[PDB]
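Undergrad: Take this structure first; my questions come after.
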Amino acid sequence: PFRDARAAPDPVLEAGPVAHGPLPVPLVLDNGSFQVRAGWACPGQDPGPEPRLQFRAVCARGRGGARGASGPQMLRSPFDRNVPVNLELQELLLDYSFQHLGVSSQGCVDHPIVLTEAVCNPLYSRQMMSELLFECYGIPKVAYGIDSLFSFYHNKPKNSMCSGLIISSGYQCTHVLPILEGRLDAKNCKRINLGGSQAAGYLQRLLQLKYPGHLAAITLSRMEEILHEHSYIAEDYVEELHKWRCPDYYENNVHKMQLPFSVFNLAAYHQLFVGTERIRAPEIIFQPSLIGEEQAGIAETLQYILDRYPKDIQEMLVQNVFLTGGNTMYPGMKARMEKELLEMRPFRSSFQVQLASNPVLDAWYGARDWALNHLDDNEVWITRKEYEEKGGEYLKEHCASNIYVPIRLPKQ
Amino acid sequence: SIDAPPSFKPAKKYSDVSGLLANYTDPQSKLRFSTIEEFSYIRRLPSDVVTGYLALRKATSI
Amino acid sequence: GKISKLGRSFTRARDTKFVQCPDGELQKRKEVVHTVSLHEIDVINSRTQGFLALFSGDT
Amino acid sequence: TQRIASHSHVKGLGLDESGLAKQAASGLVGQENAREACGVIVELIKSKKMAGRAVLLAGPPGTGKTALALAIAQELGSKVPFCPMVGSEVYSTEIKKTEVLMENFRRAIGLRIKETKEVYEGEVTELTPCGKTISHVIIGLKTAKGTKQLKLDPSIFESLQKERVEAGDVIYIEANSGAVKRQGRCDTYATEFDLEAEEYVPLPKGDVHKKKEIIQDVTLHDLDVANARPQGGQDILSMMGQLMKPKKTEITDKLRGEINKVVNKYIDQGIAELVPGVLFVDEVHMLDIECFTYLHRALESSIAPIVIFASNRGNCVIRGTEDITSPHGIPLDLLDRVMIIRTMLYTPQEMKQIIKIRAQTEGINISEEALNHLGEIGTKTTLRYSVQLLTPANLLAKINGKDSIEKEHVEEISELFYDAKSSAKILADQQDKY
Ligand SMILES: Nc1ncnc2c1ncn2[C@@H]1O[C@H](COP(=O)(O)OP(=O)(O)OP(=O)(O)O)[C@@H](O)[C@H]1O
Ligand SMILES: Nc1ncnc2c1ncn2[C@@H]1O[C@H](COP(=O)(O)OP(=O)(O)O)[C@@H](O)[C@H]1O
């Protein structure tokens, strides 16, 4: 039976939890598309004690017009396909986050910040995100990095130079990232235009067509439960669906999702039987052709990037296949990935598949551990004055960050 | 220029209304199905859910 | 790719042998039991088209 | 399961390590003095030194002559060729009588060869030929255990082309033979069309590449026959093979000479080894005087196998002489070239043991009171007749709902199926009616 989600927690703090040693403790801000995750670096403690503000990245303002609201509670959100592209709907998302974390007082946030961004970020987008940050909030110095690569940095066996493929899958994108000597080989990195949002959207539209008698009973927040709790990824889809074909297996494995009641009441207050549907929603990232979409999918793409290298460095970078982010949470994901990988390697060769320690939070914990180390490496950060000579389309090439290129944007 | 390439292989053909493998497609509704009971089922659907299923696959349906 | 034709449907017998259309599904996985004399294995193996000697007697 | 048959209970000579016989062992009973002699023959065949030496088993019907001859084939085992033939096989309509003797003498000598069987199989990922004309062709293969690349010669490429192979097909290559087999299209492409004439198979779940050590057996006769007439060369695909019907033919002496000379080359190079085997000419008294005379030459030849003969005749006329009698139906001239082993009639207690060994081989339970009755009936008739009644008796026991033969079952069967002796008594009485 379905549950309902929680809302409106009580995060309130003093003006700044400044510890011993250096006073400018940075904010660690994972600016996610599904949800934002934000908090103080809190140095000198091994386990990250409190990743506060776990909240959905969505805002309310309706037919009333005169007000808007920002916490977990018609709706809007600041992103287009995992790049932020909104003005004040970004501000009132930052404002919520700062106010609930506490801030000093004066006409700026006194603390430096580390902020996640898109695997590639359009130059205009980076420029705007820098302007909307330095101008309005007055931050002293800033760092941009990629969610996935922070999660890798967290999960590495050692704080040392590495190579691998990162497999990442968030709200509206999945990416395959080849990395060599700690550097993202962004020349031949690739992404797929699908993700967990689109899975839920498909599972919704399926069950709407299965039970037209009660369109209103099924809605995204209930699709979330069946997709998180009750769905799994096949080892081989055309074989799973084949064992699902016989009634004696079906009845033993179909999921009985009881709606809340007011004929045994199921003619409207149905038990929403999900069978094959609990496979067809996860599978979208491996076979986007279950939707209309003609793209290679996470299987053909991995082969298509992996055959663009010399045969020795393939055998190097496949030694660390890493799973992180959103959709990798499905049960069975490691097994499907390592089976699909076994067919596309030399007959006796070796590979290894690692799953992130906490697939959803390790991006933030990574950004924490990174900033807490690189406090004083002033070649890594963008300082407030640099933004006055370099127009905002500028970045500092540390590991776990997008590849910079010399370029400039006309503005007046 | 980071977009993944189109797939090389031809697409598998799963049934609309159950997801099982579909040997067959109906010449009038243009949905696709696996068995006789599924062909009995589809013929009893209204136009709205028929175009509704086709729209999941960006088929001719607009 | 072999086609076998069994006549024409009764409803288009007008405008040749006639029959009612089949029941069940269009594509059937059938199973066929088949048997061959031990001699008939031997003769097929004798020549380029050994099976003719199974009729003509030239074995 | 395997069908039970007339000798399936005998498993060897069953001698002890000193060479002496045991009373009852390896599915034989009795006959110590006569089957210790086969022990010496087995050592002679295992010694490999000799050629053309020969043996005659002699004695009345039903005394064990073919059982002992088959027991020898067990003690040698499948390493060594053992060619059985019946005297009456000599009278072909395609070739002279001595040619049939000479073919069968060659069949009893084997080449034993070793090689590493090596197999590649899976879906074809790519074909790429490699200047002016094709030097080699690269091919890629895939299975659910991995991928490989191979480097083919243009002869193999011609064979792939002939099989109509293209990328996405599932293929078996055998690297030794140059054998190539198409097995259908890989099912990942099964949706290329809704209807198309191909047959689609799943991607193989086995290894891309496999190795074995195998042993090839071939006789000198196989070399003779393959090399004498032009090999047809038709994998069908060539209508000229339709016109000229095969026939057997007199293999020339010259060709056997060259074959001997080439095989000697390979057993010097260590590529092959030689196994002198046995030819069992059973039913020997059915040979003609021409053939008996030709044996005086072939048994002297310093290449010939060991030959075993058997016969059941007394002092009958030699076939083809119209006149001359001789022991065992064999000419005295040849009978002075063989060592003779005599074979002796069974006492009643021996037959009881044979009957029980047949019963438990054939699968039948029999009570002691019934087995004593088949023992008695065997003394009145013959061993080969008492052993026939076991199965029909069991089948009546089964119809009457019982597991085991009892006296009234064998007694009923005895009245229902006659012996040759008692049927002959009927023919002597109703003499004028047949
Ligand atoms: N000593 C024995 N131990 C076991 N079974 C035997 C023995 N002697 C003969 N037999 C069996 O009895 C039958 C005897 O066949 P046997 O070898 O006597 O044929 P034969 O008359 O000597 O010669 P042919 O094969 O030409 O008829 C077979 O069923 C055989 O297996
Ligand atoms: N436990 C879970 N099981 C399955 N899917 C999950 C789970 N938790 C989150 N998701 C999926 O994760 C996606 C969001 O992941 P996230 O890393 O926050 O995205 P981003 O970094 O792009 O904002 C959502 O689409 C959601 O459906």
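Every residue number used here counts from 1 along the chain in the order it is shown.
Note that Cβ sites are derived from N, Cα and C of the backbone, with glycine treated the same way.
Okay, so Swiss-Prot annotates it like this:
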type     : residues                                               : note
BINDING  : D:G59, D:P60, D:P61, D:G62, D:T63, D:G64, D:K65, D:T66 : ATP binding site
CROSSLNK : D:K205                                                 : SUMO1 cross-link
CROSSLNK : D:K205                                                 : SUMO2 cross-link
CROSSLNK : D:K425                                                 : SUMO2 cross-link
MOD_RES  : D:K433                                                 : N6-acetyllysine
Undergrad: With the Cβ under 6 Å from ligand 1 as the test, give me the qualifying entries from the recorded positions D:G62, D:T63, D:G64, D:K205, D:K433.
TA: D:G62, D:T63, D:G64
Undergrad: Using Cα coordinates, what distance in whole Å links D:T66 (ATP binding site) and D:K205 (SUMO1 cross-link)?
TA: 49
Undergrad: Around D:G59 (ATP binding site), how many other C-beta atoms are within 10 angstroms of its C-beta?
TA: 19
Undergrad: Give the helix, strand or coil assignment DSSP yields for D:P60 (ATP binding site).
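TA: It is coil.
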Undergrad: Pick from D:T63, D:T66: which of these binding-site residues has the biggest number of other Cβ atoms within 10 Å of its Cβ?
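TA: The residue with the densest Cβ neighbourhood is D:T63.
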Undergrad: Compare the C-alpha of D:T63 (ATP binding site) with the C-alpha of each of the recorded positions D:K205, D:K425, D:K433, and give the closest one.
TA: D:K425
Undergrad: Have a look at the recorded positions D:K205, D:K425, D:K433 and say which one has the shortest Cα distance to D:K65 (ATP binding site).
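TA: When the Cα distances are compared, D:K425 comes out closest.
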Undergrad: From the recorded positions D:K205, D:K425, D:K433, pick the residue whose C-alpha lies nearest to the C-alpha of D:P61 (ATP binding site).
TA: D:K425
Undergrad: If you take the centroid of the Cβ atoms of D:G59, D:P60, D:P61, D:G62, D:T63, D:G64, D:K65, D:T66, the listed ATP site, which other residues of that chain have their Cβ within 8 Å of it?
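TA: Apart from D:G59, D:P60, D:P61, D:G62, D:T63, D:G64, D:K65, D:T66, the close residues are D:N312, D:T343.
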Undergrad: For the residue listed as 'SUMO1 cross-link', which of the three DSSP-derived states applies: helix, strand, or coil?
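TA: Looking at the DSSP assignment, the residue listed as 'SUMO1 cross-link' belongs to neither helix nor strand, so coil.
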Undergrad: Taking the recorded positions one at a time (D:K65, D:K425, D:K433), which has its Cβ surrounded by the most other Cβ atoms within 10 Å?
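TA: Of the recorded positions D:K65, D:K425, D:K433, the highest Cβ count within 10 Å belongs to D:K65.
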Undergrad: From the Cα of D:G64 (ATP binding site) across to the Cα of D:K205 (SUMO1 cross-link), what is the distance in angstrom?
TA: 53
Undergrad: Can you tell me the CA-to-CA distance separating D:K425 (SUMO2 cross-link) and D:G62 (ATP binding site), as a whole number of Å?
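TA: On Cα coordinates alone, these residues lie 21 Å apart.
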Undergrad: Could you give the Cα-Cα distance between D:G59 (ATP binding site) and the residue listed as 'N6-acetyllysine', in whole Å?
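TA: Here the two Cα atoms lie 36 Å apart.
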Undergrad: How many Å separate the Cα atoms of D:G64 (ATP binding site) and D:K433 (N6-acetyllysine)?
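TA: That separation, Cα to Cα, works out to 38 Å.
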Undergrad: By Cβ count within 10 Å, point out the most packed of the binding-site residues listed: D:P60, D:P61, D:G62, D:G64.
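TA: The largest 10 Å Cβ neighbour count belongs to D:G64.
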Undergrad: Tell me the Cα distance separating D:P60 (ATP binding site) from D:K433 (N6-acetyllysine), rounded to the nearest angstrom.
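TA: Cα of D:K433 (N6-acetyllysine) to Cα of D:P60 (ATP binding site) measures 32 Å after rounding.
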Undergrad: I'd like the number of other C-beta atoms within 10 A of the C-beta of the residue listed as 'SUMO1 cross-link', please.
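TA: The answer is 8.
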